[PDB]
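The structure appears right after this line, and notes come after that.
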Amino acid sequence: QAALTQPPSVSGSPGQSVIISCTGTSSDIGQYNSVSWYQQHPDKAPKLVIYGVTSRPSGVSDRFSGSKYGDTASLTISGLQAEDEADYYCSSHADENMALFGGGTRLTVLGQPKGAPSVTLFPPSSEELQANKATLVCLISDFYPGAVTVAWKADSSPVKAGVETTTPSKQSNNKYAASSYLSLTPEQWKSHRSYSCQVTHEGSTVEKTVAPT
Amino acid sequence: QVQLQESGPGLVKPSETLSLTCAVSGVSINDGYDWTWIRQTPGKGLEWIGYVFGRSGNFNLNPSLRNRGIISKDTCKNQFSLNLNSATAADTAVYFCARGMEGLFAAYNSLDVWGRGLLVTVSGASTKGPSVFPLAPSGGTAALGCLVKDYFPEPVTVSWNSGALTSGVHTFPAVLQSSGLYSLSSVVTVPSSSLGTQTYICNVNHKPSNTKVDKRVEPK
């Protein structure tokens with residue numbers, strides 16, 4: 001039983017429509033009327049939006065509609081809003097008493113204003129130094145779109161060792177956030193002019209700097 | 001009114017079996033529903049695991065878990081369970097218990113009721129509580145925070161002043177280090193005139209290690 005195939009990415013403008021495809025075979029989507037669509041926001045349980053190909057559960061907007069043609073099912077979203085921005089999964093019954101999932105489709109709603117990252121750099125705490133360790137903390141937030149590169153500099157010379165950096169993640173204001181850590185010896189911390197954290201958002205670079213004082 | 005609540009260890013060792021229960025309230029576990037399990041490796045898609053039918057107690061799993069998995073029901077305490085034997089790193093995921101709509105054909109495919117999800121990590125590494133370091137402040141406002149360093153496994157929770165402080169708070173997702181340990185940070189922006197008078201307490205909780213910390217963050 002082959003997997004259901006969805007497009008990984010899909011986009012639309014506010015007020016407009018978007019159609020998401022789920023392709024199966026003649027013996028699942030083609031044979032049965034048991035196609036479901038699920039909506040999932042970050043760090044939440046998915047939510048039933050469509051079942052039985054065309055039906056809506058209690059409390060689901062009329063803007064969501066399902067259909068199918070041959071081996072392919074489709075979810076249509078009209079009156080596109082920013083809160084419709086989520087991951088969408090199709091599913092179907094498959095014989096031998098099982099359900100098949102699609103790979104999911106990420107829906108992007110166009111027209112979100114660009115934002116520049118707010119950067120906060122922290123020096124090693126006295127308590128950590130007293131534990132003979134040192135950690136720099138670069139906190140990056142409120143940027144859109146969610147692409148950011150991070151460079152560290154001892155005085156002004158690049159440094160890549162002892163650097164762990166997280167992937168971006170969506171905040172509750174649809175902006176993105178990330179963090180970068182520089183592990184060090186108290187020696188390296190003490191024996192330098194100033195360590196710097198520079199954040200490159202699309203084109204521009206914001207820099208913050210701490211000093212051993 | 002049908003509530004589904006996952007329960008179980010968030011850390012299992014390789015080769016051991018992964019066990020989870022779903023507590024069902026508001027209806028009987030013996031009613032004609034498909035009690036279903038779903039899992040999601042963080043950052044990836046949905047996997048359909050299988051179900052039990054309430055009336056019969058008959059269960060089925062997907063073809064790739066059929067040799068390691070059982071889903072059954074507990075009639076004494078109104079639950080259904082998932083047991084996955086021979087656990088490996090591929091089994092690390094967030095697990096959901098779910099409910100299929102009443103009386104539907106293939107109800108296990110039309111899941112309208114869900115649990116909150118439970119993350120379980122599969123690793124040989126041991127439970128390690130974090131170290132909490134205060135991030136002391138230095139234009140009208142100032143930034144201070146907590147550093148939650150080197151813990152395992154996920155997750156931890158952070159609050160400021162037991163929830164009383166919410167404005168200007170940003171708690172960041174953890175970084176996974178090559179050591180295999182996690183670290184995260186929380187930061188809050190406050191009026192600089194309130195430093196030295198207003199108490200600022202970072203509340204850190206790491207349930208896997210039973211560690212609870214109330215770190216005071218102070219200037220100078």
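Labels used: A, B, ... for chains in the order of the structure tokens, numbers from 1 for residues in each chain, and numbers from 1 for ligands as shown.
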Which of stretch 102-209 of chain B end up as strand (DSSP E or B) when DSSP is run on this backbone - answer as a PyMOL selection string?
chain B and resi 111-114+118-122+128+131-135+141-152+157-160+165+169-171+175-176+182-191+201-206
According to DSSP computed on the backbone, where in stretch 82-192 of chain A is there alpha helix (DSSP H)? Give the residues as a ChimeraX atom specification.
/A:126-129,186-190
Within 7 Å of chain B, which residues belong to chain A? Use only C-alpha atoms and report them as a PyMOL selection string.
chain A and resi 36+45+47-48+51+91-93+97-101+103-104+122+125+127-128+164-166
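The space separating atom CA of residue B:78 from atom CA of residue B:206 comes to 29.1 Å.
For residue B:196, the list of residues within 10 Å, based on only C-alpha atoms and with local chain neighbours fewer than 3 positions off taken out, reads residues 192, 193, 199, 200, 218, 219 and 220 of chain B.
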Restrict the selected residues to N, CA and C atoms and save them as a PDB file, in the first residue's frame.
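Heads up, here's the output in again.pdb:
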```
ATOM      1  N   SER B 192      13.523  49.518  33.723  1.00  0.00           N
ATOM      2  CA  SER B 192      14.805  49.563  34.425  1.00  0.00           C
ATOM      3  C   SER B 192      14.733  50.229  35.801  1.00  0.00           C
ATOM      4  N   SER B 193      13.691  51.020  36.028  1.00  0.00           N
ATOM      5  CA  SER B 193      13.513  51.699  37.306  1.00  0.00           C
ATOM      6  C   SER B 193      13.016  50.737  38.389  1.00  0.00           C
ATOM      7  N   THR B 199      11.033  41.956  42.793  1.00  0.00           N
ATOM      8  CA  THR B 199      11.555  40.593  42.777  1.00  0.00           C
ATOM      9  C   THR B 199      11.286  39.932  41.426  1.00  0.00           C
ATOM     10  N   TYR B 200      12.305  39.289  40.864  1.00  0.00           N
ATOM     11  CA  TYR B 200      12.144  38.546  39.621  1.00  0.00           C
ATOM     12  C   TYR B 200      12.595  37.099  39.792  1.00  0.00           C
ATOM     13  N   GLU B 218      18.921  38.917  39.933  1.00  0.00           N
ATOM     14  CA  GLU B 218      19.181  40.216  40.547  1.00  0.00           C
ATOM     15  C   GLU B 218      20.264  40.996  39.794  1.00  0.00           C
ATOM     16  N   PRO B 219      20.223  42.338  39.877  1.00  0.00           N
ATOM     17  CA  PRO B 219      21.205  43.208  39.213  1.00  0.00           C
ATOM     18  C   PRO B 219      22.578  43.184  39.882  1.00  0.00           C
ATOM     19  N   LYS B 220      23.528  43.930  39.320  1.00  0.00           N
ATOM     20  CA  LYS B 220      24.883  44.043  39.864  1.00  0.00           C
ATOM     21  C   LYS B 220      25.566  42.685  40.031  1.00  0.00           C
TER      22      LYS B 220
END
```
Would you mind listing what lies within 7 Å of residue A:151 as JSON, numbers by chain, with only C-alpha atoms counted and same-chain residues fewer than 4 positions away left out?
{"A": [197, 198, 199]}
Can you tell me which residues surround residue A:53 at a distance of at most 9 Å, considering only C-alpha atoms, apart from same-chain residues fewer than 2 positions away, and format the answer as a ChimeraX atom specification?
/A:29,33-37,50-51,55,65-68,73-74
For residue A:42, find every residue with an atom within 9 Å (counting only C-alpha atoms), except residues of its own chain fewer than 2 positions away, and show them as JSON, numbers by chain.
{"A": [40, 44, 45, 86, 87, 170]}
Would you output that residue set with C-alpha atoms, as a PDB file, in the first residue's frame?
```
ATOM      1  CA  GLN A  40      -2.492  20.944  12.560  1.00  0.00           C
ATOM      2  CA  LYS A  44      -1.000  21.037  18.876  1.00  0.00           C
ATOM      3  CA  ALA A  45      -3.055  17.932  18.166  1.00  0.00           C
ATOM      4  CA  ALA A  86      -1.032  25.334   9.210  1.00  0.00           C
ATOM      5  CA  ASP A  87       0.011  21.830   8.187  1.00  0.00           C
ATOM      6  CA  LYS A 170       7.148  30.344  14.803  1.00  0.00           C
TER       7      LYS A 170
END
```
Leaving out residue B:119 and any residue of its chain fewer than 3 positions from it, which residues lie within 9 Å of it when counting only C-alpha atoms, given as a PyMOL selection string?
chain B and resi 9-11+40-42+92-95+154-155
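Nearest to residue B:34 of all the residues B:7, B:197, B:72, B:1 is B:72, counting only C-alpha atoms.
What separates atom CA of residue A:75 from atom CA of residue A:4 is a distance of 13.9 Å.
Proximity of B:141, B:126, B:189, B:162 to residue B:12, computed with only C-alpha atoms, is greatest for B:126.
With only C-alpha atoms as the atoms that count, the minimum distance from residue A:14 to the choices A:78, A:171, A:200, A:126 is reached by A:78.
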To one decimal place, how far is atom CA of residue B:71 from atom CA of residue B:123 in Å?
22.9 Å
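Minimum distance to residue A:71 across A:130, A:5, A:13, A:174 (counting only C-alpha atoms) occurs at A:5.
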